[PDB]
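Let me begin by presenting the structure, written as structure tokens, before commenting on it.
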Amino acid sequence: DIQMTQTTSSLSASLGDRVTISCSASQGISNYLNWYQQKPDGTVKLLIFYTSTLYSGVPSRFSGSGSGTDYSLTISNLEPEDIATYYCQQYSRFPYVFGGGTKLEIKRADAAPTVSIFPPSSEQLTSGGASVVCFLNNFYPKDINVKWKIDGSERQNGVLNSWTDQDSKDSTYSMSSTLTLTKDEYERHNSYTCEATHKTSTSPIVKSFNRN
Amino acid sequence: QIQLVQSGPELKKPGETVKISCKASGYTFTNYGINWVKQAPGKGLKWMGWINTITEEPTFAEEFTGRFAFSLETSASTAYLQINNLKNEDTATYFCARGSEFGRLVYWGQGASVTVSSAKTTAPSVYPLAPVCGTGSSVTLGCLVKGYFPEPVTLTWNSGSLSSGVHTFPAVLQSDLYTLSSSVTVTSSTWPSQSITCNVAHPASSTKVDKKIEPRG
């Protein structure tokens with residue numbers, strides 16, 4: 001069967017600009033390729049079918065081109081409701097194959113993350129739990145690393161990370177890093193720090209506390 | 001009026017059987033075939049196959065032969081997806097889409113979430129996150145939602161009256177249970193002046209937990 005590969009899984013561009021999404025096939029598919037859009041909420045709708053032809057209801061800003069093994073989806077001017085993941089689908093031969101998918105994201109100025117550390121809740125400790133939560137909100141670009149130091153020693157095990165999608169308003173990102181461990185493991189030390197390494201700073205941002 | 005309505009979410013144990021329906025309406029059911037698309041959480045779309053609504057003949061892809069089966073009941077205009085001997089890899093959202101000319105998938109369903117896990121239904125433990133005892137123009141609060149099953153859960157701040165400056169992070173799996181957290185950033189003059197309450201509702205266990213964030217001391 002044919003392998004459909006979209007060389008770029010992620011793509012950044014400013015609003016109002018022209019964007020293009022490439023879709024390569026392992027073999028020639030004779031312009032038998034369609035494009036789909038999956039909004040962040042999950043809903044999937046058809047945009048372009050048979051390489052160039054637009055579907056009914058699709059804005060005229062969308063267009064498709066390409067032939068042989070290389071095809072492309074092009075938006076004349078990027079709109080806020082166009083921020084989604086786009087999949088290409090061939091139908092020249094069965095079985096039908098979708099592409100890897102390309103997520104569209106908005107470009108903005110770099111922003112330093114606001115780091116906030118939170119010691120285990122008093123209510124959680126009464127149940128034997130002790131999760132140390134560290135918030136890293138509103139930053140750009142997406143790439144960022146977190147390091148957990150406990151009494152000066154780096155903790156790599158037991159770290160739970162979660163990243164949000166690009167913020168709808170200011171186009172920033174946020175991460176939640178939780179150090180999940182029991183009350184016994186928590187009371188074995190006292191110095192819990194949360195280091196944040198980002199593009200915007202040469203020196204990492206540190207947030208810590210003590211059990212004092 | 002053309003739409004495809006699937007069944008609700010499913011919770012199955014490894015080895016069990018699941019059946020997903022796909023109600024068709026607004027058009028003559030025997031005029032177009034029905035496709036099935038799989039999407040693992042955090043992954044792309046995978047075309048499973050399609051079934052002819054006249055001959056009742058399925059056409060599977062490479063990695064969907066043996067435990068998968070397409071069926072339909074024309075008298076009710078509904079296509080069925082069935083997966084036997086469920087495995088952990090089957091945990092995904094399954095879409096159904098009406099086939100058309102030019103090999104396009106049109107009028108997609110809302111998708112049916114299938115979760116293969118041995119975990120039982122568990123109510124979330126909601127904990128308030130107050131900052132350390134100490135400065136600054138703004139202050140960030142938090143709310144921890146730990147160990148629940150299954151999805152989804154809804155988290156609001158002050159019953160919705162506090163919407164701006166809120167970051168609710170996607171649920172992350174840990175030992176077959178979900179864990180979620182949320183942060184809210186407000187001015188330093190409004191807290192602890194006003195009350196900031198965390199509202200967490202888990203419909204799977206009929207749980208509605210309110211949790212005020214109290215200062216440490």
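Rule-based calculations on the coordinates, nothing more; no lab input. Quick reminder, even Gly has a Cβ in these numbers, built from the backbone with ideal geometry, and neighbours come from all protein chains shown.
Structural remarks
- If only the Cβ of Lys and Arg carry +1 and only the Cβ of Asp and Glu carry -1, the dipole of chain B around its Cα centre is close to 500 debye.
- For the residues of B:92-102, the average number of beta carbons from a partner chain within 10 Å of their own beta carbon is 2.
- Note on the protein assembly as shown: percent of Cα-Cα distances in each 10 Å bin, starting at 0 and stopping at the bin with the largest distance, equals 4, 19, 25, 24, 18, 9, 2, 0.
- Pairs with C-alpha atoms separated by more than 32 Å, drawn from the list B:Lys43/B:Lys211; B:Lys38/B:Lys146; B:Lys19/B:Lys212, are B:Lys43/B:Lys211; B:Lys19/B:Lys212.
- Cβ-based exposure ranking for A:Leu160, B:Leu72, in which fewest neighbours within 10 Å come first: A:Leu160, B:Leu72
- Summing Cβ point charges (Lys, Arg +1; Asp, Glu -1) relative to the Cα centre of the stretch A:108-171 gives a dipole of roughly 80 debye.
- Shielding by partners - mean other protein chain Cβ count within 10 Å, residues of B:164-171: 5
- Residues of type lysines that A:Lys107 reaches as a straight line, Cα spacing below 20 Å, ignoring anything fewer than 8 places off in the same chain: A:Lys39, A:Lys142, A:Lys169, A:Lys199
- For the stretch B:43-94, the list of GluC sites (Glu not before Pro) that fall in a loop by DSSP and count at most 15 other C-beta atoms within 10 angstrom reads B:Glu56, B:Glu62, B:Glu63.
- Considering all different alpha carbon pairs of the stretch B:79-200, the Kirkwood hydrodynamic radius works out to 17.8 Å.
- The slack in the chain from A:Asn161 to A:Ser30, taken as 0.36 nm per residue of separation less the alpha-carbon distance, amounts to 42.8 nm.
- For chain A, a crude dipole built from +1 on the beta carbon of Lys and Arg and -1 on the beta carbon of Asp and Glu, taken about the Cα centre, is about 140 debye to the nearest 20.
- Computed on the Cα atoms alone, the convex hull of chain A gives a volume of 167 cubic angstrom per residue.
- In this structure the amide hydrogen of A:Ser121, modeled in the peptide plane, comes within under 5 Å of the amide hydrogens of A:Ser131, none closer than 5 places in sequence on its chain.
- The residues neighbouring A:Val115, those whose beta-carbon lies less than 14 Å from its own, together hold a net charge of +2 under the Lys/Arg +1, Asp/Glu -1 convention.
- Between A:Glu123 and B:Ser25, the FRET efficiency estimated from the beta carbon spacing at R0 = 51 angstrom works out to 0.55.
- The order of A:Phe62, A:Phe139, B:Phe29, going from fewest to most other C-beta atoms within 10 Å of their C-beta, is A:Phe62, B:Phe29, A:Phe139.
- The mean number of Cβ atoms from other chains found within 10 Å of a Cβ in peptide B:136-144 is 4, as a whole number.
- The residues B:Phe149, B:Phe102, when put in order of fewest to most other Cβ atoms within 10 Å, stand as B:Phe102, B:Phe149.
- Cα lying deepest toward the dipole's positive end in the stretch B:120-217, options B:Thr187, B:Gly217, B:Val166, charges on Cβ: B:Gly217
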